[PDB]
Protein chains: 4
Amino acid sequence: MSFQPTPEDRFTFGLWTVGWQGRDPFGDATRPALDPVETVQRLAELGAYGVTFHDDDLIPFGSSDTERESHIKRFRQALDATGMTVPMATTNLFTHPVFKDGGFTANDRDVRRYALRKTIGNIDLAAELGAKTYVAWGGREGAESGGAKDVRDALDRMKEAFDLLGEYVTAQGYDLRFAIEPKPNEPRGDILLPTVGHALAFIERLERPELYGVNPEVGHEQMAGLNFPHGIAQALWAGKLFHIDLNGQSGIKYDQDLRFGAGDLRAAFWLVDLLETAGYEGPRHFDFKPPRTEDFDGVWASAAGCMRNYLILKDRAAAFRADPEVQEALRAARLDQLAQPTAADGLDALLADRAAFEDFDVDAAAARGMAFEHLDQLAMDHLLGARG
Amino acid sequence: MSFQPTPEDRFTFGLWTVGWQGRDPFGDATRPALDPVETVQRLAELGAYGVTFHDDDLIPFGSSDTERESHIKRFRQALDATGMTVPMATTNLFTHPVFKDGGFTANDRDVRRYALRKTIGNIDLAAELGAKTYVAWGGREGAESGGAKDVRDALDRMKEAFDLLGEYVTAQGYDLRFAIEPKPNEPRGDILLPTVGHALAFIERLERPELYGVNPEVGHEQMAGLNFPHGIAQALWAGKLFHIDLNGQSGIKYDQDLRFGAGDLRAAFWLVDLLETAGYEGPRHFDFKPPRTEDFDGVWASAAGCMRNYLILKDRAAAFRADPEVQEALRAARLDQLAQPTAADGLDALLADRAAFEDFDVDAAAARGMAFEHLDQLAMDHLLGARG
Amino acid sequence: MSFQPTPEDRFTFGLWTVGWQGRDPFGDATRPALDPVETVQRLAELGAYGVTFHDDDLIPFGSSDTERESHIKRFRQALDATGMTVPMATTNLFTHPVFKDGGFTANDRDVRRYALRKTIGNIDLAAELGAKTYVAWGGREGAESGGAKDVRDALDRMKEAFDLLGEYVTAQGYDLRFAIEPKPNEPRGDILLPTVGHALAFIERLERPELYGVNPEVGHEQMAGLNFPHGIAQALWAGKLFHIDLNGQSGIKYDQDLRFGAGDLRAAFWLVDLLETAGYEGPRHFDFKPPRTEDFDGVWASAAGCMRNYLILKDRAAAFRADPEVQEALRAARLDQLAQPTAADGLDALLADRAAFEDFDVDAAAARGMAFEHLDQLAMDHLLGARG
Amino acid sequence: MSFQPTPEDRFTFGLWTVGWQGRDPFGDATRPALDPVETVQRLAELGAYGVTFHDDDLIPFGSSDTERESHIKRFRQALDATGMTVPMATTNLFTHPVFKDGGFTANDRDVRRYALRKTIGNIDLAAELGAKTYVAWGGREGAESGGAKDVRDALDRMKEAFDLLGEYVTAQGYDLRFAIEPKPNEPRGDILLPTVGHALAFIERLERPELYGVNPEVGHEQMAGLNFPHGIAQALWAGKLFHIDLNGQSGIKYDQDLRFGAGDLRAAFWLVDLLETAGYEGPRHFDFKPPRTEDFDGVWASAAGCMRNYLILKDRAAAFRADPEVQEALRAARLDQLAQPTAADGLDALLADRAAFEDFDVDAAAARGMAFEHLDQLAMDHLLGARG
Ligand SMILES: [Mg+2]
Ligand SMILES: [Mg+2]
Ligand SMILES: [Mg+2]
Ligand SMILES: [Mg+2]
Ligand SMILES: [Mg+2]
Ligand SMILES: [Mg+2]
Ligand SMILES: [Mg+2]
Ligand SMILES: [Mg+2]
């Protein structure tokens, strides 16, 4: 029955999340702004651990440093008031007409110039609040048109931009690191660095890649219809899963930003299972919007569904891997053998074996049925009886 | 008028292309199996340059060392006869039942071990036909609904295969180069290395990344709904586009393999641009399937189609970047500036420079309309003319 | 723990289901044919209720009436042997080159002529085995090309065809009825009557529509990414849900034909819930293929996952609607008011009210938050604690 | 050369078209709000025939009976001034927060009751501007993740609205006609009546189906990945295509609203065919949004684009069905026969007729290649020329 987020399951929420007034393509804000002091108070009280924020979430675009300083101060009084942390921080580069056509990769050069600056102004802040990850999400970087942007030129600029930021952090001797969060489309026709692989492949070209990793969003990859779990496992493979955005989505459509556990449930389980197994140590961060039909408490309800959800799955998959029956389904499915190396020690000398080609009996191997519809149904009950 | 191809087009075809028979996932085969000698011979007439292959396309499954040979002499005699060429070869590791859970990533060690052997057999052939590049498309590497594969182990396994692969290719002085051929799903539910990005990233974890590069299909990225051109741009930036597969696909759906031009017409204009404006010297490989409703010149004409379509598109893009009225418009939207460094000398001291930020007029800049809509119309009247 | 199909939960399987040898686009049958006598024996024993069959599943295409009669006889000996029923029957019109390009709507006229005949030959059989539904699935009816078929002409033929079949049944005084099962694509580019609505809208034009209804497949509608439950509720709305095809799928891709409960779990629950509530009385029919990695028992495992699955969901949704807390979430969500009529008795005289326009307080109504993220999470646990 | 539109094109634009400002789901507004008088005036220059509208497009939300009036005189004075026209009007029932769970299908009876009233207010206007047809696009009618709406009650409710609607329209002698405007998702997660089919079907359950018909968008069916032309064919067969919304969409993704020609170029050729070969006399309504990267002639040119593109496409299809070489090919693939009754006199006695079946040569017929690939190439060289 009653799963309890304890500020140590590392649940953190982007200020923009519960803060979403409900304004959409086709309609008016269905709710009022929340004050970041108010937010922090209330996530603390649900068992949260921290907030994450875009510059503008905190500090409204007009920056009278006076005003500005008395924003951060108000903020910071809550963090200790409540004991909440700010793990991660980002820049808003997609809501001001300026950004119409990107930031790092905008056509005009002072827009690329402004945009770094805007961002360098907040890494610092990211530093001071002791965040340990600085995320970067393209948003206005792609092509609302067609051949309106030469993508290697553009891909040069992405690089230039990232290569300058890493230089600053190095220089200033800051203890952050970056996380490129890719997205297929919405709002630009086609966004640049559109999947965990792209982002991942891109990082390899940067001066110091050891500084850069990814920040995948469940629903973002779902939007190109891909296995998220498979994508995240690649990230982990690369030593690159530096942060995660947990939310729900229902297959290829606009960014929905549903509650976590909502949308694709089986993929939630398979996700969580993995995060629990591959030891992700990071912050179980949530980037969802409680829907706009959904009310002052609706926000929190939706906030909390987020946590009940990682917590049940976390469990159902726990009592899954530990099912003796289940562990004898897995071996039946030769998952132990996947785990063995194909050609070990001293040997590219499978060349000289017969048991491998000349003599190998295909139809023997042919005959052995994979035994996965049975493992699947063990995991479909969440073990036996009960679901998950 | 009509745009006849010639050998210097570098237009290739898989034997499995024009030679597909109709065996869909729900029907029978609508065509007689055509033979190599025949295939090579009409291609040569159509205006084709090379021919590509699979082991099993050429050498029937269980054949002998002699039944092998006679195939190969025969193939070989007709290349010269026609002076056609074989710039690329590939291994079938997905049709036979032993390959039901995969080849390099089977949960069963001696199939893993058998797919390496079968591959080496073919490298050696490909090798001796002067194949310049060696392709590799999984197909059976994924999971229909997994608990069935730890994607972290498979990637261990996947890597090991290729590393083994690159040793032999170098062990053996061949002048060959690997090319991972991504695909999202079908036949698997989820295919490991589903796209260009994942693949590109993957190559960088390999132990000799220079022997790798990527072999994309238009339809295959289209199945994830990516932006093919965009995608090839990222591969031509990585300097990793070793070979391409030209195609037509009408949306996130089963692998169609429509003739090139077919599918996203417009996507196609931008590729020949990219490809033609970018210097791709590789072959224009057509991995398309002539619809099953069609007889032999049914077959013979779609394949013709494939080539007129590169050629008309070659044309119309060529002229796009030569309409004086278009060059105006490339300036207009500042494509020029995309092509200028953002902050060029050492140059992080870009930092106090009061115009980047302090004294920058976002209000002024925001007002700049991108002049994208008129560049897009221009490339529609293919410039100020008759269609693109 | 251990949910028991009792031949009265109406679980029935298409002979082609468990019978699937595993042959796909890219590979060889991974299994042998099962003999329909063998199948029937084995579904009986899992708690099934009946089999459904295409003509050709039973009676292999060459029809020596001698042979043929001694096929049906063999069959029919099992049905009473086991007590299994044949509720539904169909025609295979998509695997013979003949059908390359449709049946009812094929370009050539004797192919449309053959095809009715082929089908009239089996309605009779459908009659004799006492089936009560005769399903029709397009499959080869659509456009692998582009403007290769004039769709109103074609839509005339669909009509002609259906209008002739209904005439026969009327005439012969048979007690069947038809169920058009639509599909978006796979194998023809674009299939005609592609969604429950299309099929539904089409039925209205036929001479006697009272004879015709739909036979939706979960994964078919999923393939156009639509809500199945919403689609089925429309069918029920029309008095047209005449049969159902239960299977799983993972979003927009090729027909997967996964186990029921597999793919989109939340939509399974929402489906089942509804079928259980809207009183569907029909046969909980399954059209799935146990995957080709998946073995002689794998087949049955997968068969049985099908049933464990409708049976748990059937339960979790049972103890959902009956949760007092849940019933006080629903009222909180004004679902009782949806159920009330907007403008009743004698009245289009909302015209004369003020409480409806002139005086109506928007912001009052504006303010009331829908209370659906809370109902959702009740249904996300399956009530409380336990999932579903 | 260049293809100038004129009034007899019957090309319309929504005021919300060229007048969109940029407010995306993640950015601010990139444009000043343009006024009606302005809108009507440049359209008139562009070469436009009519203008369509929403209540709130024209008359600002809470305006008075006088603030109303002055708007209307003003709109009205500029129609004549320019002699433009208003063939269609529509009600905004999706932007204001009172419309957060829907209009006709809100789970709250006095919003339901308020959306009927607001609509009647506008029918009366539309009515007195000589609007020929009255559109209706939900947008807020669906569920983001439902347990939230019984789709059976909503359809009860949905039906009731429209029936009420058709009474007044007839009660009041207006010469108006309803047109349900389908859409799959966005802003809702799932939108009731997601497509042409569902809508078409729906109209037949209404109590005066003749006052209904359908208003499709290219992008909206494209969001379900249907086959737009196909879809419009089904509406022109039902004789239910009252009005169309021309557009560009690049795949199963958020509502783009690209200029017509934009998106599926090729889909577009087949529509003007269909539309032009089929006699649609209705307006060619452009519901497109000028990308936010663009200023006023940014705006002004995409909208120009929309119209040259119908016109070039009009051309190229016209000529398609006039290439003597094409008419050969329509014969070749027997388009002729599709257009002949299958079994024409009374004619079920088609039954013994030994050629339909007994004496039919399936083997002979199967061998007929459909000559689809060459008809498709012909409509590519738009015939034997320069592009389509
Ligand atoms: Mg995010
Ligand atoms: Mg999101
Ligand atoms: Mg390929
Ligand atoms: Mg392909
Ligand atoms: Mg079915
Ligand atoms: Mg299916
Ligand atoms: Mg519209
Ligand atoms: Mg639209």
Side-chain angles (χ1 to χ4, degrees), chain A residues 12-17 20 24 52-54 57 88-92 94 133 135-139 179-187 191 196 199 214-223 228 243-250 253-260 262-263 283 285-289 291, chain B residues 12-17 20 52-54 57 88-92 94 133 135-139 179-184 186 191 196 199 214-223 228 242-249 255-257 260 283-289, chain C residues 25-26, chain D residues 25-26 254:
Chain A
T12 76
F13 300 86
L15 212 66
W16 67 80
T17 59
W20 186 73
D24 71 3
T52 79
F53 76 91
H54 289 89
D57 295 300
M88 186 274 245
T90 185
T91 343
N92 192 299
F94 47 67
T133 304
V135 171
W137 186 54
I180 290 70
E181 134 148 36
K183 182 154 188 187
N185 59 249
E186 143 82 331
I191 284 183
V196 163
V214 94
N215 175 69
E217 183 165 307
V218 342
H220 295 170
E221 240 83 66
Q222 226 143 274
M223 261 176 98
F228 182 60
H243 193 259
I244 186 137
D245 284 15
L246 270 6
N247 61 7
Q249 161 81 225
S250 201
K253 73 221 275 168
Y254 56 79
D255 199 26
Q256 298 181 280
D257 274 353
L258 305 180
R259 206 164 82 232
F260 174 68
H285 179 234
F286 292 121
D287 183 7
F288 95 113
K289 294 136 193 41
Chain B
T12 336
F13 283 99
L15 300 199
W16 73 81
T17 76
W20 186 64
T52 99
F53 77 84
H54 286 259
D57 264 336
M88 184 266 271
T90 179
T91 9
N92 176 310
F94 56 63
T133 94
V135 175
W137 174 63
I180 294 46
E181 175 171 356
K183 196 192 168 174
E186 262 205 343
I191 301 210
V196 151
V214 83
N215 178 63
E217 258 197 52
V218 339
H220 300 180
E221 256 18 55
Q222 292 210 117
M223 279 171 77
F228 198 78
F242 299 4
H243 176 302
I244 210 168
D245 285 337
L246 298 183
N247 255 0
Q249 166 93 41
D255 201 32
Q256 243 164 335
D257 290 330
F260 175 98
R284 274 117 266 253
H285 184 238
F286 292 132
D287 167 15
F288 90 107
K289 265 148 188 121
Chain C
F26 319 83
Chain D
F26 305 70
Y254 67 103

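A, B, ... follow the sequence lines: proteins, then strands. Residue 1 opens every chain. Atoms within a ligand are numbered from 1 in the order they appear, just like the ligands themselves.
- Below 30°, between 30° and 60°, or above 60°: for A/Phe286 and A/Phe260 the angle between ring planes is between 30° and 60°, a tilted geometry.
- Ordered by chain and number, B/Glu181 OE1, B/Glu181 OE2, B/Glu217 OE2, B/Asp245 OD2, B/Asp287 OD2 make up the set of protein N, O or S atoms under 2.8 Å of the Mg ion (ligand 3).
- Ring geometry for B/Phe94 versus C/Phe26: interplanar angle over 60°, hence perpendicular rather than tilted (30 to 60°).
- Aromatic ring orientation, A/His285 versus A/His243: tilted (interplanar angle from 30° to 60°).
- Here B/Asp257 pairs with B/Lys289 under the salt bridge (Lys or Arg N to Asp or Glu O under 4.0 Å) rule; sequence neighbours left out.
- When the Mg ion (ligand 2) is compared with the N/O/S atoms of A/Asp255, atom OD2 turns out nearest.
- Residues passing the side chain to side chain donor-acceptor pair (under 3.5 Å) test with A/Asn185, sequence neighbours excluded: none.
- For B/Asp287, there are no salt bridge (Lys or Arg N to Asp or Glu O under 4.0 Å) partners at least two apart in sequence or on another chain.
- The Mg ion (ligand 2) lies closest to atom OD1 when only the N/O/S atoms of A/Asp257 are considered.
- A/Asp245 contributes atom CG, which lies 4.5 Å from atom CD of A/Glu181 (distance to the nearest 0.5 angstrom).
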